[PDB]
Amino acid sequence: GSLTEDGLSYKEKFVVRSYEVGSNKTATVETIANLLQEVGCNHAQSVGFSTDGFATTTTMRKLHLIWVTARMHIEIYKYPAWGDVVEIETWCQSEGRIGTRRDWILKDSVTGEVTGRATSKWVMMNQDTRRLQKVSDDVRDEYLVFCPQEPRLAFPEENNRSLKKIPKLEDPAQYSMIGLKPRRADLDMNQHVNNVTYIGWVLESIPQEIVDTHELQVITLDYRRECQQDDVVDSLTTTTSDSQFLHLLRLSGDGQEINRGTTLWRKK
Amino acid sequence: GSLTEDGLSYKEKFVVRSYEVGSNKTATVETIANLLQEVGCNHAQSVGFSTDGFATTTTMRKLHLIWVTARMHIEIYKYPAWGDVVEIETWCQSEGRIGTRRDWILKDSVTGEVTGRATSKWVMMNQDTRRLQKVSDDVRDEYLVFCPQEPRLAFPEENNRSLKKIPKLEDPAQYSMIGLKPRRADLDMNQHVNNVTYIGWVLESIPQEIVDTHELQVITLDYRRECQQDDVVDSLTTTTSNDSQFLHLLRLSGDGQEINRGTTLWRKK
Ligand SMILES: CN(C)C(=O)c1cc2cccc(F)c2o1
Ligand SMILES: CN(C)C(=O)c1cc2cccc(F)c2o1
C-alpha cells in the first residue's frame, strides 16, 4: 500500500483468501472489518503514529492517552469473491473537540466500481482510568497536517444511517446466543478483545435462516464498554421490520451493556 | 503465488497483518496454520482440483468422496513479525493406499533462512457416511503427475516428532478450558469447523504464564472426529515434562467423545 499523491489518504489492495469467505464463497463482514483495520494501521505507520490500533502521538503516550472506537458503520453493496482483488482507500478528519473520524471506500480493483463504504468515530480516553476527554489544540494540530482541510465524507447524504441514534433493546429479546467468550485468537497485541470480535458476537444471535436467505447490507455498532479477556457475553436480537434488527451485547452475569447496534439485510 | 519451474510444488509470499500477531508482535501459530491452508488451496486451484479445502477430483465428487486431515505437525524456529514477508513452499506426495501427505517449508523472504516447517496426513472419506477408504489406482494416478516422484520430505530425520504415537490424557487433567463453542467466523464455506479452530481450542487450556514466558516450538495434532456447528468442547492439558511439554485432549462437553489429541513443546523466551 501507499499514501496517495497529496499525502492526505492511503490506499491498499488485498486478495480475498480461502479461509476469509462464507457459504456464498464471498468475504464475510468480519473479513471486511479486519481489512479496514489493517489499512488504518498501515496509514498510521506511514505518517509516524503508533501501530497498536490506537494511532497515538508521543505526547499522548506520555499522558497515557489512547484513541478508542465509539461507533463503526459499514455498508456493503457487493462482497468480494475468493481470489478477487479489493482496493481500499482510507482517510481521517478531526471532528472538533469531540474526537476524530476515520472513513473508508472499498472498490473492485478490476472494474473500479465502489463496492462498499465505512465510517468510524473515535474518542480520546486515558488508558488506566478509562475516563474520556476532549481533544486539546496541541494534539489536534499534530493530526491536522495529515487530514484533508475541506470536508471529505464517505457518507455525505443529510440524515444518513451512520449518524442515527440507536435505542436499547427491551427484554425479552426475540433471539439470543448466550455464554460467548473470547479465545486468544480474538485478542490484539495488547491482550484486548479486537473490535471485529464484537461484530461477530452481534451476528451470532441472527437466525441461520436469515443468514442463508439474506445478505447483510448495513451494520451500525456503538461500543460502550470493553469485554475483558475473562468476561462472558450474551448477544440479543429483535426484528424491528428488507429485514432490520436491533442488537444488544451485555455481560452474562450482571447484564452490563457493552454494545448496541442495528443491521439491515436484503433478500438474496 | 505460482507453481515452481518443474510444476511439482507451489510458492507464495504473504505480508504479516496487524490483526494476525500476538503479544510478541509476531504471527500466532493459528495465523501460520491459516497461511498453510491458503497456500494449499492455491496449489490445488493451480492444477485443477477443487478449492473447498478437500482438493478432490471429478471422479471423487461423483462418488461423494473427500480428503480430510488425520494429523497436522508444525515446527516454528522464528515467528515472522508484523509487516514481515514470509515465503511458503508446498508440495504433496501419495503414501500408497493409506492416503496423501502435504508438506510445507516457511522462509524469511529477505534472508532466505528456513523459519518453519510443517507436514500433514490426509485420508479419503465418504462425505455422507463418514467411512474411510483406501486410495484406488484410478484416484492415485490423477494426483501422481502433480507430485515429486522421488521422496521429498519436510521432516526427513529418522526419529522425528511428526510420526510419534500420541497417548490419551487420563482424568483428572492438570488444566482445562470448558464450554468452548464455534461462532460463524470459525466455519469454512461448507459450514464445517475450520481445522485451525481446533489448534486454537487445544491452546486455550495452556496457562497464560506459560504463553507469557515461553514460545511454542512444536505442535502435533491428531483429528479423530469433527466438532459440529452446534457442539460444545472441553480442552484438557497436562504437563508431561528450559523446555516444557504438554499432552492435550479435546472432547465433547457432554458425553466426553474424543475429537482431537495432541502434544506441544515450548521453549523459554
Ligand atoms: C483514531 N485515529 C486518531 C486515527 O486512526 C488517525 C487519525 C489520523 C490523522 C491523520 C493520519 C492518520 F493516519 C490518522 O489516524
Ligand atoms: C489432501 N490433498 C489430497 C491435497 O491437498 C492434494 C494432493 C495433491 C497432489 C498434487 C497436487 C495437489 F495440489 C494436491 O493437493
# chains A, B, ... in the order shown; residues from 1 in each chain; ligands from 1

call {"tool": "interface_residues", "arguments": {"of": "chain A", "to": "chain B", "cutoff": "9 Å", "atoms": "only C-alpha atoms", "output": "number ranges by chain"}}
result
A: 17-26, 28, 30-31, 34, 37-38, 41-42, 51-53, 179-181, 183-185, 187-191, 194, 200-201, 203-204

call {"tool": "residues_near_ligand", "arguments": {"ligand": "ligand 2", "cutoff": "10 Å", "atoms": "only C-alpha atoms and all ligand atoms", "output": "ChimeraX atom specification"}}
result
/B:3,7-10,37,39-51,53-57,66-69,90-94,99-103,120-124,139-148

call {"tool": "select_by_dssp", "arguments": {"residues": "stretch 79-217 of chain B", "states": "alpha helix (DSSP H)", "output": "list in words"}}
result
residues 137, 138, 139, 140, 141, 142, 143, 144, 195, 196, 197, 198, 199, 200, 201, 202, 203, 204, 208, 209, 210, 211, 212 and 213 of chain B

call {"tool": "write_last_selection", "arguments": {"atoms": "N, CA, C and O atoms", "output": "short mmCIF file (atom, residue, chain, number, x, y, z; two decimals), in the first residue's frame"}}
result
data_model
loop_
_atom_site.label_atom_id
_atom_site.label_comp_id
_atom_site.auth_asym_id
_atom_site.auth_seq_id
_atom_site.Cartn_x
_atom_site.Cartn_y
_atom_site.Cartn_z
N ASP B 137 -6.13 -47.17 -7.61
CA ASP B 137 -5.21 -46.76 -8.68
C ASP B 137 -5.74 -45.59 -9.47
O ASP B 137 -4.96 -44.71 -9.83
N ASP B 138 -7.03 -45.59 -9.82
CA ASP B 138 -7.62 -44.51 -10.61
C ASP B 138 -7.46 -43.15 -9.91
O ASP B 138 -7.00 -42.21 -10.56
N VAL B 139 -7.73 -43.07 -8.58
CA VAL B 139 -7.56 -41.80 -7.86
C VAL B 139 -6.09 -41.44 -7.72
O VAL B 139 -5.68 -40.32 -8.03
N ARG B 140 -5.28 -42.41 -7.32
CA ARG B 140 -3.85 -42.22 -7.15
C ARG B 140 -3.15 -41.66 -8.42
O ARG B 140 -2.39 -40.69 -8.31
N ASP B 141 -3.45 -42.23 -9.61
CA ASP B 141 -2.85 -41.81 -10.89
C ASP B 141 -3.17 -40.36 -11.27
O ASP B 141 -2.35 -39.71 -11.92
N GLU B 142 -4.36 -39.85 -10.87
CA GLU B 142 -4.74 -38.46 -11.15
C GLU B 142 -3.83 -37.49 -10.38
O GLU B 142 -3.50 -36.43 -10.93
N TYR B 143 -3.43 -37.83 -9.15
CA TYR B 143 -2.58 -36.97 -8.31
C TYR B 143 -1.06 -37.08 -8.58
O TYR B 143 -0.33 -36.10 -8.46
N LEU B 144 -0.58 -38.30 -8.89
CA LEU B 144 0.83 -38.61 -9.10
C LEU B 144 1.55 -37.74 -10.14
O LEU B 144 2.71 -37.37 -9.92
N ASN B 195 -10.20 -26.38 10.34
CA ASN B 195 -9.17 -27.13 11.07
C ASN B 195 -8.32 -26.31 12.05
O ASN B 195 -7.88 -26.86 13.06
N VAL B 196 -8.07 -25.02 11.76
CA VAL B 196 -7.25 -24.14 12.58
C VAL B 196 -7.93 -23.79 13.93
O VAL B 196 -7.25 -23.58 14.94
N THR B 197 -9.28 -23.76 13.96
CA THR B 197 -10.04 -23.52 15.21
C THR B 197 -9.65 -24.55 16.27
O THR B 197 -9.45 -24.19 17.42
N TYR B 198 -9.47 -25.84 15.86
CA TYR B 198 -9.10 -26.89 16.82
C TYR B 198 -7.73 -26.61 17.45
O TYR B 198 -7.54 -26.88 18.63
N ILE B 199 -6.76 -26.06 16.67
CA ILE B 199 -5.45 -25.67 17.18
C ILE B 199 -5.66 -24.59 18.27
O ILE B 199 -5.10 -24.70 19.36
N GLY B 200 -6.50 -23.61 17.99
CA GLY B 200 -6.82 -22.56 18.95
C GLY B 200 -7.43 -23.12 20.23
O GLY B 200 -6.99 -22.78 21.33
N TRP B 201 -8.40 -24.02 20.08
CA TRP B 201 -9.05 -24.69 21.22
C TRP B 201 -8.06 -25.50 22.07
O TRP B 201 -8.13 -25.40 23.29
N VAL B 202 -7.13 -26.25 21.45
CA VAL B 202 -6.09 -27.01 22.18
C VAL B 202 -5.28 -26.06 23.08
O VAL B 202 -5.08 -26.33 24.27
N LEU B 203 -4.86 -24.91 22.48
CA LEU B 203 -4.03 -23.92 23.15
C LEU B 203 -4.74 -23.15 24.27
O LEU B 203 -4.07 -22.67 25.19
N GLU B 204 -6.08 -23.10 24.26
CA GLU B 204 -6.83 -22.40 25.30
C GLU B 204 -6.59 -22.94 26.72
O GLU B 204 -6.72 -22.18 27.68
N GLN B 208 -1.75 -19.02 31.02
CA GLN B 208 -1.27 -17.75 30.47
C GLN B 208 0.19 -17.48 30.83
O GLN B 208 0.91 -16.93 30.00
N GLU B 209 0.66 -17.94 32.02
CA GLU B 209 2.06 -17.77 32.46
C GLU B 209 3.01 -18.49 31.52
O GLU B 209 4.10 -17.98 31.24
N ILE B 210 2.61 -19.66 30.98
CA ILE B 210 3.44 -20.37 30.00
C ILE B 210 3.50 -19.54 28.73
O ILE B 210 4.58 -19.31 28.22
N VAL B 211 2.34 -19.09 28.22
CA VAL B 211 2.30 -18.28 26.99
C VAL B 211 3.14 -17.00 27.11
O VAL B 211 3.86 -16.65 26.18
N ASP B 212 3.12 -16.35 28.28
CA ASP B 212 3.88 -15.14 28.57
C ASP B 212 5.40 -15.33 28.73
O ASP B 212 6.16 -14.37 28.56
N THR B 213 5.86 -16.54 29.09
CA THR B 213 7.29 -16.78 29.31
C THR B 213 7.95 -17.74 28.32
O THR B 213 9.17 -17.89 28.34
#

call {"tool": "residues_near_ligand", "arguments": {"ligand": "ligand 1", "cutoff": "9 Å", "atoms": "only C-alpha atoms and all ligand atoms", "output": "PyMOL selection string"}}
result
chain A and resi 8-10+40-49+53-57+66-69+90-94+99-102+120-124+142-148

call {"tool": "residues_around", "arguments": {"residues": "stretch 255-266 of chain A", "least_positions_apart": "2", "cutoff": "7 Å", "atoms": "only C-alpha atoms", "output": "VMD selection string"}}
result
chain A and resid 166 168 214 to 227 242 to 253 268

call {"tool": "select_by_dssp", "arguments": {"residues": "stretch 90-187 of chain A", "states": "strand (DSSP E or B)", "output": "ChimeraX atom specification"}}
result
/A:90-95,99-108,114-126,132-133,175-180,187
